[PDB]
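Visitor: Please find one structure pasted underneath; my questions will follow.
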Amino acid sequence: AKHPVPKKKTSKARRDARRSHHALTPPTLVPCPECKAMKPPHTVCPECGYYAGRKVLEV
Amino acid sequence: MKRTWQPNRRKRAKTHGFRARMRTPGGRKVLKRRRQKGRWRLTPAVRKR
Amino acid sequence: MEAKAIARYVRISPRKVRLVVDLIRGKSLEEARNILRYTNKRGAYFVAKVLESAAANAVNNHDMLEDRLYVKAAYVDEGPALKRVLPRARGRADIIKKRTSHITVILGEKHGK
Amino acid sequence: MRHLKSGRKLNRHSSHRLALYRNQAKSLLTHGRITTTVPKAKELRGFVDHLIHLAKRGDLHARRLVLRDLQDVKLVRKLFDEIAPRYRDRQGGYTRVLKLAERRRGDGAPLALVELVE
RNA sequence: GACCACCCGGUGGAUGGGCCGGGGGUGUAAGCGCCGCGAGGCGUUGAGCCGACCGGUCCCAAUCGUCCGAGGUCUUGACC
RNA sequence: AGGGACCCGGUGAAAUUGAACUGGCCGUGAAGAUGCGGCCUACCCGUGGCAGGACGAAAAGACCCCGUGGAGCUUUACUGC
RNA sequence: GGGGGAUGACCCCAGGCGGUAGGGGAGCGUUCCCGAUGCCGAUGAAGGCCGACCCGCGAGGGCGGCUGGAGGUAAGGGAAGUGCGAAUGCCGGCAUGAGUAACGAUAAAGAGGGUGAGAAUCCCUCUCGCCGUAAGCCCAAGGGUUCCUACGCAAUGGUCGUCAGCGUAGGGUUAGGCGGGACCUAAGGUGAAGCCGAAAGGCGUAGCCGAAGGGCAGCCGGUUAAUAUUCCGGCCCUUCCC
RNA sequence: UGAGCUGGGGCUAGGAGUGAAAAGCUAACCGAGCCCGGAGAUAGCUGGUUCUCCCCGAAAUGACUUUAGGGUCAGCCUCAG
RNA sequence: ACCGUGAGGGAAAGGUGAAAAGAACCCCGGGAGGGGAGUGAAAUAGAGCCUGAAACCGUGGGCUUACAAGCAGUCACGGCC
RNA sequence: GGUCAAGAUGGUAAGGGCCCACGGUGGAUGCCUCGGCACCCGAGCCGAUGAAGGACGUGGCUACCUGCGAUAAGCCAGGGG
Ligand SMILES: [Mg+2]
Ligand SMILES: [Mg+2]
Ligand SMILES: [Mg+2]
Ligand SMILES: [Mg+2]
Ligand SMILES: [Mg+2]
Ligand SMILES: [Mg+2]
Ligand SMILES: [Mg+2]
Ligand SMILES: [Mg+2]
Ligand SMILES: [Mg+2]
Ligand SMILES: [Mg+2]
Ligand SMILES: [Mg+2]
Ligand SMILES: [Mg+2]
Ligand SMILES: [Mg+2]
Ligand SMILES: [Mg+2]
Ligand SMILES: [Mg+2]
Ligand SMILES: [Mg+2]
Ligand SMILES: [Mg+2]
Ligand SMILES: [Mg+2]
Ligand SMILES: [Mg+2]
Ligand SMILES: [Mg+2]
Ligand SMILES: [Mg+2]
Ligand SMILES: [Mg+2]
Ligand SMILES: [Mg+2]
Ligand SMILES: [Mg+2]
Ligand SMILES: [Mg+2]
Ligand SMILES: [Mg+2]
Ligand SMILES: [Mg+2]
Ligand SMILES: [Mg+2]
Ligand SMILES: [Mg+2]
Ligand SMILES: [Mg+2]
Ligand SMILES: [Mg+2]
Ligand SMILES: [Mg+2]
Ligand SMILES: [Mg+2]
Ligand SMILES: [Mg+2]
Ligand SMILES: [Mg+2]
Ligand SMILES: [Mg+2]
Ligand SMILES: [Mg+2]
Ligand SMILES: [Mg+2]
Ligand SMILES: [Mg+2]
Ligand SMILES: [Mg+2]
Ligand SMILES: [Mg+2]
Ligand SMILES: [Mg+2]
Ligand SMILES: [Mg+2]
Ligand SMILES: [Mg+2]
Ligand SMILES: [Mg+2]
Ligand SMILES: [Mg+2]
Ligand SMILES: [Mg+2]
Ligand SMILES: [Mg+2]
Ligand SMILES: [Mg+2]
Ligand SMILES: [Mg+2]
Ligand SMILES: [Mg+2]
Ligand SMILES: [Mg+2]
Ligand SMILES: [Mg+2]
Ligand SMILES: [Mg+2]
Ligand SMILES: [Mg+2]
Ligand SMILES: [Mg+2]
Ligand SMILES: [Mg+2]
Ligand SMILES: [Mg+2]
Ligand SMILES: [Mg+2]
Ligand SMILES: [Mg+2]
Ligand SMILES: [Mg+2]
Ligand SMILES: [Mg+2]
Ligand SMILES: [Mg+2]
Ligand SMILES: [Mg+2]
Ligand SMILES: [Mg+2]
Ligand SMILES: [Mg+2]
Ligand SMILES: [Mg+2]
Ligand SMILES: [Mg+2]
Ligand SMILES: [Mg+2]
Ligand SMILES: [Mg+2]
Ligand SMILES: [Mg+2]
Ligand SMILES: [Mg+2]
Ligand SMILES: [Mg+2]
Ligand SMILES: [Mg+2]
Ligand SMILES: [Mg+2]
Ligand SMILES: [Mg+2]
Ligand SMILES: [Mg+2]
Ligand SMILES: [Mg+2]
Ligand SMILES: [Mg+2]
Ligand SMILES: [Mg+2]
Ligand SMILES: [Mg+2]
Ligand SMILES: [Mg+2]
Ligand SMILES: [Mg+2]
Ligand SMILES: [Mg+2]
Ligand SMILES: [Mg+2]
Ligand SMILES: [Mg+2]
Ligand SMILES: [Mg+2]
Ligand SMILES: [Mg+2]
Ligand SMILES: [Mg+2]
Ligand SMILES: [Mg+2]
Ligand SMILES: [Mg+2]
Ligand SMILES: [Mg+2]
Ligand SMILES: [Mg+2]
Ligand SMILES: [Mg+2]
Ligand SMILES: [Mg+2]
Ligand SMILES: [Mg+2]
Ligand SMILES: [Mg+2]
Ligand SMILES: [Mg+2]
Ligand SMILES: [Mg+2]
Ligand SMILES: [Mg+2]
Ligand SMILES: [Mg+2]
Ligand SMILES: [Mg+2]
Ligand SMILES: [Mg+2]
Ligand SMILES: [Mg+2]
Ligand SMILES: [Mg+2]
Ligand SMILES: [Mg+2]
Ligand SMILES: [Mg+2]
Ligand SMILES: [Mg+2]
Ligand SMILES: [Mg+2]
Ligand SMILES: [Mg+2]
Ligand SMILES: [Mg+2]
Ligand SMILES: [Mg+2]
Ligand SMILES: [Mg+2]
Ligand SMILES: [Mg+2]
Ligand SMILES: [Mg+2]
Ligand SMILES: [Mg+2]
Ligand SMILES: [Mg+2]
Ligand SMILES: [Mg+2]
Ligand SMILES: [Mg+2]
Ligand SMILES: [Mg+2]
Ligand SMILES: [Mg+2]
Ligand SMILES: [Mg+2]
Ligand SMILES: [Mg+2]
Ligand SMILES: [Mg+2]
Ligand SMILES: [Mg+2]
Ligand SMILES: [Mg+2]
Ligand SMILES: [Mg+2]
Ligand SMILES: [Mg+2]
Ligand SMILES: [Mg+2]
Ligand SMILES: [Mg+2]
Ligand SMILES: [Mg+2]
Ligand SMILES: [Mg+2]
Ligand SMILES: [Mg+2]
Ligand SMILES: [Mg+2]
Ligand SMILES: [Mg+2]
Ligand SMILES: [Mg+2]
Ligand SMILES: [Mg+2]
Ligand SMILES: [Mg+2]
Ligand SMILES: [Mg+2]
Ligand SMILES: [Mg+2]
Ligand SMILES: [Mg+2]
Ligand SMILES: [Mg+2]
Ligand SMILES: [Mg+2]
Ligand SMILES: [Mg+2]
């Protein structure tokens with residue numbers, strides 16, 4: 001409001017191009033060891049999906 | 001910091017009250033105008049019975 | 001056949017949720033689900049609901065077989081604006097607008113043999 | 001810049017950071033399983049390991065030591081008698097940190113699992 | 001090193017955390033014994049405690065995995 | 001050292017804004033040019049930063065003058081009370 | 001301008017035709033009136049959306065398709081709230097900056113369990129921190145259901161909410177002794193008498209009004225989700241009438 | 001401990017009050033409060049002034065002007081006769 | 001309504017359809033919302049409801065663009081649809 | 001079948017631009033109106049028998065409006081229908 005301020009309205013072409021880097025990257029996902037579903041790597045696969053580790057059960 | 005509005009019900013009726021308005025001919029017109037504008041309240045509503 | 005579900009007047013900014021919608025466009029339903037579950041956005045929840053409501057319209061209303069439907073089309077349009085006052089320094093009052101989206105997932109069966 | 005200097009600051013000052021760990025240690029060594037933020041975990045390993053490895057020593061010094069951070073007369077008991085044994089032949093690695101695939105919401109924080117090994 | 005990028009590792013692995021050893025800092029821990037009415041003092045005692053630095057060691061954690069990615073436009077020129 | 005600044009999730013303003021596809025030099029031009037001439041340089045789009053320029057924003061210059069504009073004050077200005 | 005006598009509107013002919021302030025002359029379109037007891041219209045009015053078509057120098061007029069769903073209005077004349085791009089114009093709508101600053105004290109948080117479609121944010125437990133002449137408690141102002149409980153989460157809450165001072169509903173405020181009034185007077189106000197002023201009105205002795213001052217009889221416990229010196233229990237007083 | 005501070009109840013105001021005096025204060029702007037009215041005050045000043053085509057097409061000088069960035073007459077444009 | 005102690009200031013906000021026939025029931029969903037069914041001459045007349053313009057924001061398609069430089073148009077040729 | 005020096009040319013869009021189609025937003029345009037405006041008639045006072053204007057109440061369930069007043073969506077009588 002005070003000291004600086006924009007001098008001209010930015011074109012639709014110019015905000016849209018600023019946003020050319022705003023796209024998301026879809027999650028990284030692997031199929032679980034033995035349980036059915038898809039899970040993110042290096043994590044406790046939400047349907048119990050660990051052997052030598054615990055799992056907090058879905059069971 | 002202490003502001004302009006420091007409510008005090010006695011003061012409010014002592015000052016803009018109906019009986020106060022009726023004393024002064026100046027006040028009798030205030031009623032007359034408000035009553036003719038069709039104001040729903042002729043006078044600041046005050047309470048604390 | 002193709003089937004669609006529309007969540008309207010969803011109290012979220014179009015530009016915000018549009019971001020995850022673009023994440024499922026053209027994809028299998030199977031994949032799309034797996035994407036929304038782990039997409040870390042408030043818009044996931046909503047888009048999830050619209051998608052699942054769309055499938056539940058293909059199978060029960062249009063006969064489409066859940067195992068063959070992809071996200072043929074999807075988009076979100078700008079619902080009406082919730083103008084609210086934001087009190088500011090030196091007695092200003094701005095108006096922030098809580099935005100609103102119209103989510104439209106539209107499903108079709110994959111052209112598989 | 002500030003290279004090395006091992007030791008996360010967890011947007012806390014000195015005293016808060018201490019009582020963070022302590023209050024997280026008690027909480028661990030009472031349920032033996034903990035869910036926290038991934039970083040609050042990573043940093044919580046060594047703090048407890050040192051505590052256990054000290055209760056393997058059995059001596060009252062080791063006890064009197066530990067008491068500084070856990071302050072409670074039991075638990076230390078439960079530490080020395082019920083937990084400290086199980087690691088006798090186990091040198092280091094008394095603790096395990098597993099990552100949960102679920103995040104919070106209205107926060108978005110990645111979470112992790114902290115439990116006692118074996 | 002702001003995020004990104006860059007670099008090293010990812011079990012056929014010493015990458016970090018732990019544990020051990022060394023360095024380093026602090027400067028004689030608790031407990032017990034002796035002397036003193038006592039505050040304290042002495043011995044055990046360079047003890048005890050110990051962040052990063054130098055290393056060691058699979059005890060814990062880098063499991064298991066998915067995804068992208070060429071088959072090579074044309075003419076000529078010399079050689080097959 | 002801590003609270004911000006940076007990254008992630010949630011919420012999400014503001015002045016400003018002719019339109020923009022908005023470079024440097026030497027000239028030129030209403031005399032201080034991204035926008036005209038000549039030359040030089042320069043793939044497209046961002047993020048964190050600095051503040052030289054857009055005669056940057058703000059406030060229809062408070063100084064100055066103009067107006068047979070206005071107001072406060074003065075006196076042996078005029079004329080009243 | 002001159003002929004063409006065509007007096008028409010028509011032809012050849014020759015000239016003029018940059019243009020601000022301004023002068024003049026022709027027209028286009030908008031609303032309303034006569035034309036209207038008419039005509040167009042559900043086989044689709046007005047308005048909208050296209051058009052590479054037709055006529056007009058242009059302002060415009062047609063025509064065709066889609067939309068639309070009940071009006072419209074010729075030739076020809078009449079009358080005007082009659083054409084917008086600017087007035088830091090007015091009202092409204094929507095952009096830009098921008099996913100940027102910010103999310104309101106640096107007293108500070110951690111885990112476990114519970115509810116729930118959904119929990120960093122609600123409930124309980126343990127741990128940790130902050131006030132402690134307060135950041136605790138009780139009165140007076142002021143506010144006026146915000147109190148207690150049940151059911152709720154669209155909005156309000158600077159995030160989230162299953163919570164709330166929010167939404168719906170139901171309940172809850174008990175006095176001869178506490179405060180105020182059927183008592184007193186203070187400044188001041190009002191004001192028979194009285195005095196003054198063009199009118200409105202201004203003064204003014206007593207009187208009257210006027211209080212957080214004078215005067216006046218209740219202490220300790222118990223109970224309700226929500227009231228208690230108010231209800232209850234025990235001890236104790238006041239005034240009025242007979 | 002004082003020309004102290006403070007609650008409650010009161011009085012004084014617009015050319016008027018109040019002021020240990022700054023033209024300070026009199027409801028967040030006081031060299032003369034606020035509201036409504038006279039009022040559409042006045043503004044020789046700034047800004048704005050909306051469809052089309054056709055012809056002609058200027059002045060920025062003179063004289064007077066409490067006049068000089070405004071006017072009256074003449075000059076120069078235009079229309080009818 | 002709201003603003004103002006007060007005098008006083010002072011708004012915005014009309015239209016489903018001939019008729020509620022205002023969408024039983026089923027599916028997704030905690031709800032909102034939608035998809036079917038159904039009503040209707042018409043449901044982009046479904047109650048944030050006649051007509052529904054513009055700014056503005058999206059989805060899809062044709063042409064185009066990463067060694068060029070500019071009041072963004074125009075005049076040429078050329079490719080592609 | 002390839003290799004090879006020189007040279008010559010495609011596709012590719014992170015994103016952007018123009019066009020087209022369909023929506024979202026928004027509520028202009030058209031039509032509608034029993035609200036307003038204007039003139040012309042008519043008509044013209046009410047109040048201590050307590051006016052005007054109100055406060056509070058009043059319904060089997062009633063937030064507001066309207067009506068009414070503890071006889072309270074109303075009581076009695078005449079006339080209309
Ligand atoms: Mg500055
Ligand atoms: Mg674009
Ligand atoms: Mg004070
Ligand atoms: Mg105020
Ligand atoms: Mg009082
Ligand atoms: Mg009178
Ligand atoms: Mg009323
Ligand atoms: Mg303020
Ligand atoms: Mg932070
Ligand atoms: Mg401290
Ligand atoms: Mg890193
Ligand atoms: Mg690697
Ligand atoms: Mg591997
Ligand atoms: Mg290592
Ligand atoms: Mg050592
Ligand atoms: Mg010693
Ligand atoms: Mg010792
Ligand atoms: Mg002794
Ligand atoms: Mg720092
Ligand atoms: Mg953010
Ligand atoms: Mg020059
Ligand atoms: Mg220059
Ligand atoms: Mg140019
Ligand atoms: Mg040029
Ligand atoms: Mg240049
Ligand atoms: Mg040139
Ligand atoms: Mg750039
Ligand atoms: Mg930058
Ligand atoms: Mg600068
Ligand atoms: Mg700066
Ligand atoms: Mg000026
Ligand atoms: Mg002057
Ligand atoms: Mg003057
Ligand atoms: Mg003729
Ligand atoms: Mg000619
Ligand atoms: Mg010429
Ligand atoms: Mg001309
Ligand atoms: Mg003429
Ligand atoms: Mg006309
Ligand atoms: Mg007619
Ligand atoms: Mg029909
Ligand atoms: Mg039609
Ligand atoms: Mg009409
Ligand atoms: Mg036309
Ligand atoms: Mg039409
Ligand atoms: Mg007509
Ligand atoms: Mg006509
Ligand atoms: Mg007009
Ligand atoms: Mg006109
Ligand atoms: Mg103009
Ligand atoms: Mg404008
Ligand atoms: Mg400007
Ligand atoms: Mg609106
Ligand atoms: Mg910025
Ligand atoms: Mg920033
Ligand atoms: Mg920030
Ligand atoms: Mg806060
Ligand atoms: Mg804070
Ligand atoms: Mg739980
Ligand atoms: Mg449960
Ligand atoms: Mg919890
Ligand atoms: Mg917690
Ligand atoms: Mg908190
Ligand atoms: Mg009270
Ligand atoms: Mg309430
Ligand atoms: Mg409550
Ligand atoms: Mg509740
Ligand atoms: Mg809510
Ligand atoms: Mg919220
Ligand atoms: Mg707030
Ligand atoms: Mg919520
Ligand atoms: Mg409530
Ligand atoms: Mg009693
Ligand atoms: Mg009391
Ligand atoms: Mg009393
Ligand atoms: Mg009395
Ligand atoms: Mg009595
Ligand atoms: Mg008295
Ligand atoms: Mg008097
Ligand atoms: Mg009198
Ligand atoms: Mg008199
Ligand atoms: Mg008293
Ligand atoms: Mg008293
Ligand atoms: Mg008493
Ligand atoms: Mg007593
Ligand atoms: Mg209570
Ligand atoms: Mg009691
Ligand atoms: Mg009693
Ligand atoms: Mg004194
Ligand atoms: Mg006082
Ligand atoms: Mg007072
Ligand atoms: Mg005055
Ligand atoms: Mg006056
Ligand atoms: Mg004075
Ligand atoms: Mg003073
Ligand atoms: Mg003031
Ligand atoms: Mg006048
Ligand atoms: Mg004016
Ligand atoms: Mg004047
Ligand atoms: Mg004027
Ligand atoms: Mg002419
Ligand atoms: Mg000429
Ligand atoms: Mg003169
Ligand atoms: Mg002159
Ligand atoms: Mg002048
Ligand atoms: Mg003249
Ligand atoms: Mg002449
Ligand atoms: Mg002539
Ligand atoms: Mg107010
Ligand atoms: Mg008020
Ligand atoms: Mg208005
Ligand atoms: Mg409407
Ligand atoms: Mg109708
Ligand atoms: Mg109707
Ligand atoms: Mg279900
Ligand atoms: Mg729920
Ligand atoms: Mg439906
Ligand atoms: Mg039908
Ligand atoms: Mg239709
Ligand atoms: Mg039709
Ligand atoms: Mg439908
Ligand atoms: Mg249908
Ligand atoms: Mg339609
Ligand atoms: Mg329709
Ligand atoms: Mg609408
Ligand atoms: Mg409609
Ligand atoms: Mg209709
Ligand atoms: Mg519509
Ligand atoms: Mg549109
Ligand atoms: Mg596109
Ligand atoms: Mg080059
Ligand atoms: Mg190129
Ligand atoms: Mg450029
Ligand atoms: Mg160009
Ligand atoms: Mg492209
Ligand atoms: Mg549309
Ligand atoms: Mg009428
Ligand atoms: Mg009487
Ligand atoms: Mg009498
Ligand atoms: Mg009455
Ligand atoms: Mg009523
Ligand atoms: Mg009757
Ligand atoms: Mg009868
Ligand atoms: Mg009869």
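Labels used: A, B, ... for chains in the order of the structure tokens, numbers from 1 for residues in each chain, and numbers from 1 for ligands as shown.
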Per DSSP on the backbone, what are the alpha helix (DSSP H) residues of chain D, as a PyMOL selection string?
Guide: chain D and resi 14-31+38-42+44-55+60-70+73-78
Visitor: So which residues touch range 45-50 of chain F within 8 Å, counting only C-alpha atoms (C1' of nucleotides), skipping near sequence neighbours fewer than 4 positions away, as a list in words?
Guide: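 My list of contacting residues is residues 17, 18, 20 and 21 of chain A; 2 and 3 of chain E; 14 and 15 of chain J.
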Visitor: I need the chosen residues saved as a PDB file, in the first residue's frame, with C-alpha atoms (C1' of nucleotides).
Guide:
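Here's the written file out29.pdb:
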```pdb
ATOM      1  CA  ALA A  17       3.207 -18.468 -17.212  1.00  0.00           C
ATOM      2  CA  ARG A  18       4.332 -17.756 -13.624  1.00  0.00           C
ATOM      3  CA  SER A  20       4.011 -22.966 -15.288  1.00  0.00           C
ATOM      4  CA  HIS A  21       5.833 -24.575 -12.312  1.00  0.00           C
TER       5      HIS A  21
ATOM      6  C1'   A E   2      16.657 -20.918   1.495  1.00  0.00           C
ATOM      7  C1'   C E   3      13.370 -24.641  -1.831  1.00  0.00           C
TER       8        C E   3
ATOM      9  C1'   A J  14       7.160 -26.712 -19.207  1.00  0.00           C
ATOM     10  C1'   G J  15       4.015 -22.998 -20.374  1.00  0.00           C
TER      11        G J  15
END
```
Visitor: List all protein, DNA and RNA residues that have an atom no more than 10 Å from any atom of ligand 15, counting only C-alpha atoms (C1' of nucleotides) and all ligand atoms, and report them as number ranges by chain.
Guide: E: 20-24, 50
Visitor: Got time to write the residues from that selection, C-alpha atoms (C1' of nucleotides), as a PDB file, in the first residue's frame?
Guide:
```pdb
ATOM      1  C1'   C E  20      33.100 -49.252  21.849  1.00  0.00           C
ATOM      2  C1'   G E  21      38.078 -46.956  21.485  1.00  0.00           C
ATOM      3  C1'   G E  22      40.944 -42.571  20.879  1.00  0.00           C
ATOM      4  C1'   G E  23      40.993 -37.233  20.942  1.00  0.00           C
ATOM      5  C1'   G E  24      38.775 -33.001  23.727  1.00  0.00           C
ATOM      6  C1'   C E  50      30.815 -35.854  28.738  1.00  0.00           C
TER       7        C E  50
END
```
Visitor: Using backbone DSSP assignments, extract all strand (DSSP E or B) residues from chain D; output them as a PyMOL selection string.
Guide: chain D and resi 33-37+95-103+110-116
Visitor: Can you tell me, as a list in words, what residues are no more than 7 Å from residue 103 in chain C when counting only C-alpha atoms (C1' of nucleotides), ignoring any on the same chain fewer than 5 positions away?
Guide: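 In the requested form, the answer reads residues 6, 7, 8, 75, 76 and 77 of chain C.
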Visitor: Just want the residues within 8 Å of ligand 104, written as a ChimeraX atom specification, counting only C-alpha atoms (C1' of nucleotides) and all ligand atoms.
Guide: /H:67-70
Visitor: Write the residues you've just listed into a file as a PDB file, in the first residue's frame, and include N, CA, C and O atoms (P, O5', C5', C4', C3', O3' and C1' of nucleotides) for each of them.
Guide:
```
ATOM      1  P     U H  67     -11.608  43.859 -13.317  1.00  0.00           P
ATOM      2  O5'   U H  67     -10.700  44.194 -14.572  1.00  0.00           O
ATOM      3  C5'   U H  67     -11.136  43.903 -15.886  1.00  0.00           C
ATOM      4  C4'   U H  67      -9.963  43.730 -16.811  1.00  0.00           C
ATOM      5  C3'   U H  67      -8.866  42.829 -16.291  1.00  0.00           C
ATOM      6  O3'   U H  67      -9.161  41.462 -16.529  1.00  0.00           O
ATOM      7  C1'   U H  67      -7.932  44.825 -17.236  1.00  0.00           C
ATOM      8  P     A H  68      -8.297  40.308 -15.835  1.00  0.00           P
ATOM      9  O5'   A H  68      -7.001  40.261 -16.729  1.00  0.00           O
ATOM     10  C5'   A H  68      -6.980  39.482 -17.906  1.00  0.00           C
ATOM     11  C4'   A H  68      -5.645  39.544 -18.552  1.00  0.00           C
ATOM     12  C3'   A H  68      -4.504  38.965 -17.722  1.00  0.00           C
ATOM     13  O3'   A H  68      -3.544  38.412 -18.597  1.00  0.00           O
ATOM     14  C1'   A H  68      -4.065  41.216 -18.179  1.00  0.00           C
ATOM     15  P     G H  69      -2.913  36.972 -18.299  1.00  0.00           P
ATOM     16  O5'   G H  69      -4.141  35.993 -18.547  1.00  0.00           O
ATOM     17  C5'   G H  69      -4.853  35.996 -19.780  1.00  0.00           C
ATOM     18  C4'   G H  69      -5.793  34.821 -19.859  1.00  0.00           C
ATOM     19  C3'   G H  69      -7.010  34.905 -18.940  1.00  0.00           C
ATOM     20  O3'   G H  69      -8.044  34.032 -19.433  1.00  0.00           O
ATOM     21  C1'   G H  69      -5.625  33.148 -18.232  1.00  0.00           C
ATOM     22  P     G H  70      -8.877  34.356 -20.783  1.00  0.00           P
ATOM     23  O5'   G H  70     -10.258  34.901 -20.217  1.00  0.00           O
ATOM     24  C5'   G H  70     -10.902  34.261 -19.140  1.00  0.00           C
ATOM     25  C4'   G H  70     -12.064  35.072 -18.652  1.00  0.00           C
ATOM     26  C3'   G H  70     -12.871  35.777 -19.730  1.00  0.00           C
ATOM     27  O3'   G H  70     -13.837  34.947 -20.325  1.00  0.00           O
ATOM     28  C1'   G H  70     -12.292  37.333 -18.100  1.00  0.00           C
TER      29        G H  70
END
```
Visitor: Using only C-alpha atoms (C1' of nucleotides) and all ligand atoms, what are the residues with an atom within 9 Å of ligand 7, set out as a PDB file with N, CA and C atoms (P, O5', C5', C4', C3', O3' and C1' of nucleotides), in the first residue's frame?
Guide:
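Okay, part09.pdb is ready:
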```pdb
ATOM      1  N   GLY B  38     -41.941   9.219  10.920  1.00  0.00           N
ATOM      2  CA  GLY B  38     -42.374   7.857  11.148  1.00  0.00           C
ATOM      3  C   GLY B  38     -41.278   6.987  11.730  1.00  0.00           C
ATOM      4  N   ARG B  39     -40.412   7.600  12.522  1.00  0.00           N
ATOM      5  CA  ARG B  39     -39.448   6.859  13.335  1.00  0.00           C
ATOM      6  C   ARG B  39     -40.138   5.861  14.255  1.00  0.00           C
ATOM      7  N   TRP B  40     -39.610   4.643  14.308  1.00  0.00           N
ATOM      8  CA  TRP B  40     -40.044   3.628  15.276  1.00  0.00           C
ATOM      9  C   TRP B  40     -39.673   3.948  16.731  1.00  0.00           C
ATOM     10  N   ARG B  41     -38.552   4.633  16.954  1.00  0.00           N
ATOM     11  CA  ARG B  41     -38.221   5.131  18.292  1.00  0.00           C
ATOM     12  C   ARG B  41     -38.019   6.645  18.279  1.00  0.00           C
TER      13      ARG B  41
ATOM     14  P     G J  54     -46.869   5.156  15.783  1.00  0.00           P
ATOM     15  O5'   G J  54     -45.983   4.797  17.060  1.00  0.00           O
ATOM     16  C5'   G J  54     -46.412   3.842  18.025  1.00  0.00           C
ATOM     17  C4'   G J  54     -45.875   4.188  19.392  1.00  0.00           C
ATOM     18  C3'   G J  54     -45.654   3.031  20.351  1.00  0.00           C
ATOM     19  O3'   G J  54     -44.408   2.397  20.142  1.00  0.00           O
ATOM     20  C1'   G J  54     -46.830   4.750  21.446  1.00  0.00           C
TER      21        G J  54
END
```
Visitor: Listing only residues of chain A within 7 Å of chain C, what is the closest atom pair and its distance in Å (to one decimal) for each, using only C-alpha atoms, sorted by chain and residue number ascending, as CSV?
Guide:
```
residue,atom,partner,partner_atom,distance
A:23,CA,C:19,CA,6.9
A:24,CA,C:19,CA,7.0
A:26,CA,C:23,CA,6.6
A:27,CA,C:35,CA,6.3
A:38,CA,C:34,CA,6.8
```
Visitor: May I ask you to write as a PyMOL selection string all residues lying at most 12 Å from ligand 53, with only C-alpha atoms (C1' of nucleotides) and all ligand atoms counted?
Guide: (chain C and resi 80-83) or (chain G and resi 92-94) or (chain I and resi 12-13+48) or (chain J and resi 25-27)
Visitor: What are the residues of chain A that have an atom within 12 Å of an atom of chain D, counting only C-alpha atoms, as a PyMOL selection string?
Guide: chain A and resi 27-30+32+38-50+52-56
Visitor: Find the residues near ligand 115. Use a cut-off of 9 Å, count only C-alpha atoms (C1' of nucleotides) and all ligand atoms, and write them as a list in words.
Guide: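 Using only C-alpha atoms (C1' of nucleotides) and all ligand atoms, everything at most 9 Å from ligand 115 comes to residues 27, 28 and 29 of chain I.
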